[PDB]
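Heads up: the structure comes next, in structure tokens.
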Protein chains: 4
Amino acid sequence: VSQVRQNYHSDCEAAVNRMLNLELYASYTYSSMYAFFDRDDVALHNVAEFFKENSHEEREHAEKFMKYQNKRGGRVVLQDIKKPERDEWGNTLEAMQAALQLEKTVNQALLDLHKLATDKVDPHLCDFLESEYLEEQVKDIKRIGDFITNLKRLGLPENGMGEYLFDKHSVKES
Amino acid sequence: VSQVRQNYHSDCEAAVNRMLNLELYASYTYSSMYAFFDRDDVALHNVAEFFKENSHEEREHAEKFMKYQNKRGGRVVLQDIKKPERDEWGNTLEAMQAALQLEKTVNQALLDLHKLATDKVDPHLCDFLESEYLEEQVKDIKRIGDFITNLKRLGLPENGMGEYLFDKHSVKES
Amino acid sequence: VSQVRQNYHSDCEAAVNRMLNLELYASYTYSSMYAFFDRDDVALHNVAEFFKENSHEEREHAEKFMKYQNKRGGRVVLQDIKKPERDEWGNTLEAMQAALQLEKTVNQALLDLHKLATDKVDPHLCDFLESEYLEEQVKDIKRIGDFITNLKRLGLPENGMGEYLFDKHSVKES
Amino acid sequence: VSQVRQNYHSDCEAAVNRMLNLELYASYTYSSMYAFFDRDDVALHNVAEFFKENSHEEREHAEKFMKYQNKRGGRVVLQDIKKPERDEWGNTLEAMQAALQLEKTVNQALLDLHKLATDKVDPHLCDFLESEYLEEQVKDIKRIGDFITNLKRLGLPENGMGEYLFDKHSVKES
Ligand SMILES: [Cl-]
Ligand SMILES: [Cl-]
Ligand SMILES: [Cl-]
Ligand SMILES: [Cl-]
Ligand SMILES: [Cl-]
Ligand SMILES: [Cl-]
Ligand SMILES: [Cl-]
Ligand SMILES: [Cl-]
Ligand SMILES: [Cl-]
Ligand SMILES: [Cl-]
Ligand SMILES: [Cl-]
Ligand SMILES: [Cl-]
Ligand SMILES: [Cl-]
Ligand SMILES: [Cl-]
Ligand SMILES: [Cl-]
Ligand SMILES: [Cl-]
Ligand SMILES: [Cl-]
Ligand SMILES: [Cl-]
Ligand SMILES: [Cl-]
Ligand SMILES: [Cl-]
Ligand SMILES: [Cl-]
Ligand SMILES: [Cl-]
Ligand SMILES: [Cl-]
Ligand SMILES: [Cl-]
Ligand SMILES: [Cl-]
Ligand SMILES: [Cl-]
Ligand SMILES: [Cl-]
Ligand SMILES: [Cl-]
Ligand SMILES: [Cl-]
Ligand SMILES: [Cl-]
Ligand SMILES: [Fe+2]
Ligand SMILES: [Fe+2]
Ligand SMILES: [Fe+2]
Ligand SMILES: [Fe+2]
Ligand SMILES: [Mg+2]
Ligand SMILES: [Mg+2]
Ligand SMILES: [Mg+2]
Ligand SMILES: [Mg+2]
Ligand SMILES: [Mg+2]
Ligand SMILES: [Mg+2]
Ligand SMILES: [Mg+2]
Ligand SMILES: [Mg+2]
Ligand SMILES: [Mg+2]
Ligand SMILES: [Mg+2]
Ligand SMILES: [Mg+2]
Ligand SMILES: [Mg+2]
Ligand SMILES: [Mg+2]
Ligand SMILES: [Mg+2]
Ligand SMILES: [Mg+2]
Ligand SMILES: [Mg+2]
Ligand SMILES: [Mg+2]
Ligand SMILES: [Mg+2]
Ligand SMILES: [Mg+2]
Ligand SMILES: [Mg+2]
Ligand SMILES: [Mg+2]
Ligand SMILES: [Mg+2]
Ligand SMILES: [Mg+2]
Ligand SMILES: [Mg+2]
Ligand SMILES: [Mg+2]
Ligand SMILES: [Mg+2]
Ligand SMILES: [Mg+2]
Ligand SMILES: [Mg+2]
Ligand SMILES: [Mg+2]
Ligand SMILES: [Mg+2]
Ligand SMILES: [Mg+2]
Ligand SMILES: [Mg+2]
Ligand SMILES: [Mg+2]
Ligand SMILES: [Mg+2]
Ligand SMILES: [Mg+2]
Ligand SMILES: [Mg+2]
Ligand SMILES: [Mg+2]
Ligand SMILES: [Mg+2]
């Protein structure tokens, strides 16, 4: 037993390692989307940079779980980071739809971890998820939903001018 | 009944007074450790100042419970502050081991108060503990554990040079 | 064929994807070393931060290969990022020995990619490796070798005081 | 023999003069594109200024070869600068397609000069091309490819609104 460990269930320790892996998986998927939108035959550079920034954020969220694990006296156990589901992402609408699904998958895992922490009467882990993860997820899901609504309004996937305008006006200039 | 009181159980009010007393007890123990490391035949002044600062923090945590009690319409009830368990603390390793135990005792009382607040359906008191106490405790327990690991690496209790180096490099210069 | 592609052999494109994966693998190994040295029963925080910074550098080196691939009209193809060889890294000497081996493995892959680029008469890829990768590798290998020499001088693995002093004086204060 | 000449083959000297001429030819083609987009019946002023800036860059690349020739003890020999292939450039897509072809023609001549320098064991000339020309060419080819992709997305040549928007958003405001 770690000398610091107190009120930290083995099941929560393991679930934190699985959550860590899912954050790294989400990072890697966003890396793939960055590289796709940077292709010369795609060439939507503000969209590419949006996904690159998301990739960096998800890696930071993984590192925060590593630090958390050690603060509680759990032990970080790493597994392979699986490659993303697709090698190419179609267009901005298809990519944003996949991003929405990914963000909801991550949110469901965080909610499931909160349920486990609640079951094991771990208020520190509940607070950590509520204070550091759950609101960020709701905000990022809302942002991507708003983007999808605007891509549909702009006539994606068929309307190339609409896709061009989204890259200029909806995502930050990079 | 206080005119402000709402959703505040008598049991929680009493447990807040007991928690207040334990914070003052923890403060007093850290005061004792300060005075010990300031002795001419101990003379580890950065270690002494670490414990003095901890003593001040624990007194602030007691005062925050006094303010909380009054905000909810409970009544502060004070009891004697018991003197610390020891009059002399051996060396930096023994003192840090006692500090780890003290911090885990305080953490267990905070977790027990959270369980009571949960049982009495008091989300304000749960939030107060999660937002103001529980993360501070995990961070301070981790810091002291890290210190103990380093004191053992430095050969305490026998290695006086190791103890000297810990005071110079591990705790803040004062 | 990409409209930008010129003098870029399929074999080099594939080898750039494999090199990308190895950079991500190296990043992940350094992440593991960070988390290990951050453990409460290891607690060498400057060593931990050295490895965390290395992890970030290797992720940047992967991203630079993604950008390169797209500049030449190749296509990024991602594979799983394999978990590191070890779950625990022993001590600062064992970790630095593994880091030296990792850096030499990465260097050998870069040298092998240079040989392939030379064989395929690709001076742009040769320049990219020489200007962005090969000197960084020699400098980082020299730094880790110097560290190993100093850890041995300090009596690792047995001399805990030596290990403590390395963390204070050899790696950047964090 | 020039007093400075060392390891500089007559064939490389002649090929540098031919490369100089091709840079001036590329400059002149970009000058023509500038004047076309500045016409009152074309009137895409940011596109015009993009090509004008390219024209100035290619003249600088010619001057750098003149300076190089003299540094090595070769002798600058000038030939006529041939007028561009077209007197009118159609529209932004046709012009960017011609620019891509021109940039790849210049790149192939630079790669051919690198092959000659390699054959004649001239590492200084190889370094000069790798350090001053080959990466610039890859970056500029990628930029023009990205532009063509976006012009096609915007519905060129038929979509005049798309062409108008490209001039406002894809090329620098002038
Ligand atoms: Cl526990
Ligand atoms: Cl508990
Ligand atoms: Cl357990
Ligand atoms: Cl696990
Ligand atoms: Cl796919
Ligand atoms: Cl998903
Ligand atoms: Cl949050
Ligand atoms: Cl605008
Ligand atoms: Cl009440
Ligand atoms: Cl109520
Ligand atoms: Cl009551
Ligand atoms: Cl009471
Ligand atoms: Cl005593
Ligand atoms: Cl205690
Ligand atoms: Cl807190
Ligand atoms: Cl090719
Ligand atoms: Cl070639
Ligand atoms: Cl090929
Ligand atoms: Cl591949
Ligand atoms: Cl292991
Ligand atoms: Cl290795
Ligand atoms: Cl380098
Ligand atoms: Cl010569
Ligand atoms: Cl020679
Ligand atoms: Cl000659
Ligand atoms: Cl000539
Ligand atoms: Cl014509
Ligand atoms: Cl041409
Ligand atoms: Cl260059
Ligand atoms: Cl607009
Ligand atoms: Fe995340
Ligand atoms: Fe306290
Ligand atoms: Fe690397
Ligand atoms: Fe040029
Ligand atoms: Mg232990
Ligand atoms: Mg377990
Ligand atoms: Mg998973
Ligand atoms: Mg698989
Ligand atoms: Mg919040
Ligand atoms: Mg955000
Ligand atoms: Mg996000
Ligand atoms: Mg918004
Ligand atoms: Mg269409
Ligand atoms: Mg009254
Ligand atoms: Mg009462
Ligand atoms: Mg008590
Ligand atoms: Mg007594
Ligand atoms: Mg907090
Ligand atoms: Mg603090
Ligand atoms: Mg404290
Ligand atoms: Mg620390
Ligand atoms: Mg002794
Ligand atoms: Mg094509
Ligand atoms: Mg191929
Ligand atoms: Mg590999
Ligand atoms: Mg495996
Ligand atoms: Mg070079
Ligand atoms: Mg260099
Ligand atoms: Mg460096
Ligand atoms: Mg490095
Ligand atoms: Mg050095
Ligand atoms: Mg020893
Ligand atoms: Mg002479
Ligand atoms: Mg000659
Ligand atoms: Mg010619
Ligand atoms: Mg003619
Ligand atoms: Mg070379
Ligand atoms: Mg360069
Ligand atoms: Mg430029
Ligand atoms: Mg150019
Ligand atoms: Mg660009
Ligand atoms: Mg039309």
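Each chain in the structure tokens gets a letter, A, B and so on, in the order shown; residues start at 1 in every chain, and ligands are counted from 1 in the order they appear.
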
Check which residues of chain C sit at most 6 Å from chain B using only C-alpha atoms, and return one row each with the closest pair of atoms and their distance in Å to one decimal, ordered by chain and rising number, as a tab-separated table.
residue	atom	partner	partner_atom	distance
C:40	CA	B:146	CA	4.9
C:41	CA	B:149	CA	5.6
C:43	CA	B:146	CA	5.2
C:160	CA	B:153	CA	4.6
C:161	CA	B:154	CA	4.8

Please dump the current selection as a PDB file, in the first residue's frame; keep N, CA and C atoms.
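Written output follows (out_18.pdb):
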ATOM      1  N   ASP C  40       4.929   8.815  -5.279  1.00  0.00           N
ATOM      2  CA  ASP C  40       5.295   9.239  -3.906  1.00  0.00           C
ATOM      3  C   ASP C  40       6.458   8.412  -3.354  1.00  0.00           C
ATOM      4  N   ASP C  41       6.666   7.187  -3.847  1.00  0.00           N
ATOM      5  CA  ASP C  41       7.740   6.290  -3.357  1.00  0.00           C
ATOM      6  C   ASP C  41       8.963   6.382  -4.269  1.00  0.00           C
ATOM      7  N   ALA C  43       9.671  10.043  -6.126  1.00  0.00           N
ATOM      8  CA  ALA C  43       9.720  11.441  -5.638  1.00  0.00           C
ATOM      9  C   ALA C  43      11.047  12.110  -6.013  1.00  0.00           C
ATOM     10  N   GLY C 160      21.745   6.504  -2.258  1.00  0.00           N
ATOM     11  CA  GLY C 160      20.533   7.330  -2.315  1.00  0.00           C
ATOM     12  C   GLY C 160      20.863   8.807  -2.207  1.00  0.00           C
ATOM     13  N   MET C 161      21.850   9.179  -1.402  1.00  0.00           N
ATOM     14  CA  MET C 161      22.236  10.599  -1.309  1.00  0.00           C
ATOM     15  C   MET C 161      22.745  11.091  -2.661  1.00  0.00           C
TER      16      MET C 161
END

Write out as a list in words each polymer residue (protein, DNA or RNA) that has an atom no more than 12 Å from ligand 25, with only C-alpha atoms and all ligand atoms counted.
->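 Here is the list of contacting residues: residues 1, 2, 5, 6, 7, 8, 9, 10, 11, 12, 13, 14, 73, 74, 117, 120, 121 and 122 of chain D.
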
Applying 12 Å and only C-alpha atoms, which residues near residue 108 (chain C) remain after dropping the ones on its own chain fewer than 4 positions away? List them as a list in words. residues 19, 22, 101, 102, 103, 104, 112, 113, 114, 115, 133, 134, 137, 138 and 141 of chain C

Selection: 8 Å around residue 36 (chain B), only C-alpha atoms, excl. self and same-chain fewer than 2 positions, as a ChimeraX atom specification | /B:32-34,38-39,42,48,88-89

Enumerate as a PyMOL selection string the residues within 12 Å of ligand 29, counting only C-alpha atoms and all ligand atoms. (chain C and resi 123-124+127-128+131) or (chain D and resi 61+107+110+126-140)

task: Can you list, as a PyMOL selection string, all residues belonging to region 1-173 of chain A that DSSP tags as helix (DSSP H, G or I)?
output: chain A and resi 10-37+45-72+92-119+123-153+160-169

Could you report the residues within 7 Å of ligand 32, using only C-alpha atoms and all ligand atoms, as JSON, numbers by chain? {"B": [23, 26, 57, 58, 61, 106]}

query: Could you state the separation of CA of residue 98 (chain D) and CA of residue 67 (chain C) in Å, given to one decimal place?
result: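 Computed distance, CA of residue 98 (chain D) to CA of residue 67 (chain C), equals 24.8 Å.
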
Worksheet item: How far is it from CA of residue 91 (chain A) to CA of residue 164 (chain A), in Å with one decimal?
Response: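 That distance, rounded to one decimal, is 10.9 Å.
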
> So what do you get for CA of residue 171 (chain D) versus CA of residue 49 (chain D), distance-wise?
Replying inline: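 Between CA of residue 171 (chain D) and CA of residue 49 (chain D) the gap works out to 8.8 Å.
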
For chain B against ligand 46, with a cut-off of 10 Å and counting only C-alpha atoms and all ligand atoms, what is the closest atom pair and its distance in Å to one decimal for every residue that makes the cut, ordered by chain and number, as a Markdown table?
| residue | atom | partner | partner_atom_place_in_ligand_line | distance |
| --- | --- | --- | --- | --- |
| B:15 | CA | ligand 46 | 1 (Mg) | 9.3 |
| B:17 | CA | ligand 46 | 1 (Mg) | 9.0 |
| B:18 | CA | ligand 46 | 1 (Mg) | 5.3 |
| B:19 | CA | ligand 46 | 1 (Mg) | 6.7 |
| B:20 | CA | ligand 46 | 1 (Mg) | 8.5 |
| B:21 | CA | ligand 46 | 1 (Mg) | 6.0 |
| B:22 | CA | ligand 46 | 1 (Mg) | 5.1 |
| B:23 | CA | ligand 46 | 1 (Mg) | 8.9 |
| B:24 | CA | ligand 46 | 1 (Mg) | 9.7 |
| B:25 | CA | ligand 46 | 1 (Mg) | 8.2 |
| B:79 | CA | ligand 46 | 1 (Mg) | 9.1 |
| B:80 | CA | ligand 46 | 1 (Mg) | 9.9 |
| B:81 | CA | ligand 46 | 1 (Mg) | 9.1 |
| B:82 | CA | ligand 46 | 1 (Mg) | 9.1 |
| B:106 | CA | ligand 46 | 1 (Mg) | 9.7 |
| B:109 | CA | ligand 46 | 1 (Mg) | 8.8 |

Of the candidates C:60, C:68, C:4, C:92, which one gets nearest to ligand 33 if we count only C-alpha atoms and all ligand atoms?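 Closest to ligand 33, using only C-alpha atoms and all ligand atoms: C:60.
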